[PDB]
Amino acid sequence: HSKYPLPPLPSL
Amino acid sequence: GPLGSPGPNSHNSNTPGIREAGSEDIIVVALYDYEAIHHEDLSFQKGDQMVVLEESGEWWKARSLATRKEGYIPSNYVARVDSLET
(Lines give C-alpha, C1' and ligand atoms only; values in the text may rest on other atoms or scores of the structure.)
Protein backbone atom coordinates (compact mmCIF):
# COMPACT_ATOMS: atom_id res chain seq x y z
CA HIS A 1 0.00 0.00 0.00
CA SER A 2 0.82 3.78 -0.12
CA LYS A 3 -1.95 4.89 2.32
CA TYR A 4 0.19 7.81 3.67
CA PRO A 5 3.52 9.54 2.56
CA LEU A 6 5.34 7.45 5.28
CA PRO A 7 5.37 8.09 9.11
CA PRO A 8 7.60 10.77 10.75
CA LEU A 9 10.92 9.17 11.65
CA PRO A 10 12.19 9.40 15.29
CA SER A 11 14.62 11.87 16.98
CA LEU A 12 17.54 9.36 16.42
CA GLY B 1 10.55 -45.07 50.52
CA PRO B 2 12.72 -42.07 49.39
CA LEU B 3 11.74 -39.44 46.79
CA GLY B 4 12.77 -39.33 43.08
CA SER B 5 11.97 -37.95 39.57
CA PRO B 6 9.97 -39.69 36.73
CA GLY B 7 11.76 -42.40 34.66
CA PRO B 8 10.18 -44.25 31.68
CA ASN B 9 11.31 -47.68 30.33
CA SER B 10 12.95 -46.11 27.16
CA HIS B 11 14.80 -42.97 25.89
CA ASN B 12 15.28 -41.09 22.56
CA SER B 13 16.31 -37.64 21.13
CA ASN B 14 16.48 -35.61 17.85
CA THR B 15 16.85 -31.92 16.74
CA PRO B 16 13.88 -29.50 17.34
CA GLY B 17 11.91 -27.47 14.73
CA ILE B 18 14.97 -25.42 13.49
CA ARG B 19 14.10 -23.42 10.30
CA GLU B 20 15.56 -23.28 6.76
CA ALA B 21 15.65 -21.06 3.57
CA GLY B 22 14.94 -17.27 3.16
CA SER B 23 14.45 -16.57 -0.62
CA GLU B 24 10.65 -15.92 -0.38
CA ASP B 25 10.25 -14.86 3.28
CA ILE B 26 11.28 -11.17 3.60
CA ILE B 27 12.61 -11.04 7.17
CA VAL B 28 12.79 -7.38 7.99
CA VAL B 29 13.55 -5.78 11.35
CA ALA B 30 12.01 -2.62 12.83
CA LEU B 31 14.52 0.27 12.87
CA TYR B 32 12.23 2.15 15.35
CA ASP B 33 9.19 1.61 17.69
CA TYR B 34 5.76 2.02 15.96
CA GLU B 35 2.18 2.24 17.31
CA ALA B 36 -0.36 2.29 14.39
CA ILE B 37 -0.73 6.07 13.74
CA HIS B 38 -3.78 5.31 11.47
CA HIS B 39 -6.09 2.29 10.80
CA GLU B 40 -5.11 -1.21 9.44
CA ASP B 41 -1.43 -1.18 10.60
CA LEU B 42 0.69 -3.33 12.80
CA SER B 43 2.22 -1.86 15.95
CA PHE B 44 5.76 -3.22 16.36
CA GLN B 45 8.92 -2.34 18.36
CA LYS B 46 12.53 -1.54 17.45
CA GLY B 47 14.22 -4.85 16.76
CA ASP B 48 10.96 -6.75 16.03
CA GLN B 49 11.72 -8.88 13.08
CA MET B 50 8.76 -9.29 10.77
CA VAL B 51 8.05 -11.56 7.82
CA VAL B 52 6.96 -9.11 5.08
CA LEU B 53 4.15 -10.64 2.93
CA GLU B 54 3.40 -7.85 0.39
CA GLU B 55 5.81 -5.14 -0.91
CA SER B 56 4.14 -2.94 -3.60
CA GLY B 57 4.33 0.61 -2.16
CA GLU B 58 5.78 2.64 0.77
CA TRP B 59 3.80 0.38 3.21
CA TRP B 60 4.21 -3.42 3.35
CA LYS B 61 2.02 -6.19 4.83
CA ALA B 62 4.05 -8.07 7.50
CA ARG B 63 3.91 -10.42 10.53
CA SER B 64 5.88 -9.90 13.79
CA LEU B 65 8.14 -12.95 13.65
CA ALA B 66 8.59 -12.82 17.48
CA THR B 67 4.81 -12.73 18.38
CA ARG B 68 2.83 -13.78 15.18
CA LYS B 69 0.89 -10.47 15.06
CA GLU B 70 0.02 -9.13 11.53
CA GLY B 71 -0.67 -5.80 9.73
CA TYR B 72 0.59 -3.23 7.21
CA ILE B 73 3.81 -1.47 8.25
CA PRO B 74 5.96 1.53 7.15
CA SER B 75 8.98 0.59 4.95
CA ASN B 76 10.92 3.72 6.19
CA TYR B 77 10.79 2.20 9.74
CA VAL B 78 12.21 -1.09 8.68
CA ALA B 79 14.89 -3.05 6.95
CA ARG B 80 15.70 -6.46 5.44
CA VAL B 81 17.86 -8.76 7.66
CA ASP B 82 19.81 -9.48 4.44
CA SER B 83 20.61 -5.72 4.13
CA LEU B 84 21.94 -4.97 7.66
CA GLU B 85 25.56 -3.96 8.61
CA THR B 86 25.83 -6.76 11.29
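Cut-offs applied
Residues numbered from 1 in each chain as written, not as in the entry; some residues may be left out. Chains lettered and ligands numbered in written order. Heavy atoms only, no water. Buried < 20%, exposed > 50% of the residue type's maximum accessible area, 1.4 Å probe, protein only. Helix = DSSP H or I, 4+ residues; strand = E, 2+ residues; numbered from the N terminus. Pairing = 2+ DSSP bridges. Polar contact = N/O pair within 3.5 Å; in protein donor to acceptor, adjacent residues only side chain to side chain. Contact = heavy atoms within 4.5 Å. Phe/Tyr/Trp six-rings, centres within 6.5 Å; stacked < 30°, edge-to-face > 60°. Salt bridge = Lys/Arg side-chain N within 4 Å of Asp/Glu carboxyl O.

- Header annotation of the entry names solution NMR as the structure determination method.

### What about the pairing of strand β4 (residues 70–74) of chain B?
And then number 1: For β4 of chain B, the buried fraction is high: 4 of the 5 residues fall into the buried class.
And then number 2: Counting the residues between successive antiparallel strands, the hairpin from strand β3 (residues 59–64) of chain B to β4 of chain B contains 5 residues, one of them, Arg 68 of chain B, with a positive phi of roughly 50 degrees.

### Let's talk about the side chain of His 38 of chain B
And then number 1: By the secondary structure assignment, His 38 of chain B is in the loop between β1 (26–30) and β2 (49–55).
And then number 2: By relative accessible area, which is 13% here, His 38 of chain B ends up buried.
And then number 3: There is a polar contact of 3.4 Å between the side chain of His 38 of chain B and the side chain of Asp 41 of chain B.
And then number 4: Setting aside residues up to four positions removed in sequence, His 38 of chain B forms contacts with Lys 3 and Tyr 4 of chain A together with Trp 59 of chain B.

### Description of the packing of aromatic side chains
Residues and elements named next belong to chain B.
And then number 1: Counted under the stated rule, the structure contains 5 aromatic pairs over all chains.
And then number 2: Ring geometry for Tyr 34 versus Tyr 77: centroids 5.5 Å apart, planes at 80 degrees, classification edge-to-face. In this pair, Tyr 34 sits in the loop between β1 and β2 while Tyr 77 sits in the loop between β4 and β5 (78–80), placing the two residues 43 residues apart along the sequence. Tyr 77 carries the same exposure label as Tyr 34, and that label is buried.
And then number 3: Grouped by ring-pair contacts, the aromatic residues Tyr 32, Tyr 34, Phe 44, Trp 59 and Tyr 77 constitute a single cluster.

### Regarding the pattern of salt bridges
And then number 1: Counted by the stated rule, this structure contains 2 salt bridges over all chains.
And then number 2: Here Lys 3 of chain A makes a salt bridge to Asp 41 of chain B, at a shortest N to O gap of 2.8 Å.
And then number 3: For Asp 41 of chain B, a relative accessible area of 12% gives the class buried.
And then number 4: Taking the shortest distance from any N to any O, the salt bridge between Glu 55 of chain B and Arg 80 of chain B comes out at 2.8 Å. One end of the pair, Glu 55 of chain B, is in strand β2; the other, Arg 80 of chain B, is in strand β5, and 25 residues separate them in sequence.
And then number 5: Take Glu 55 of chain B: its relative accessible area is 40%, and that puts it in the partly exposed class.

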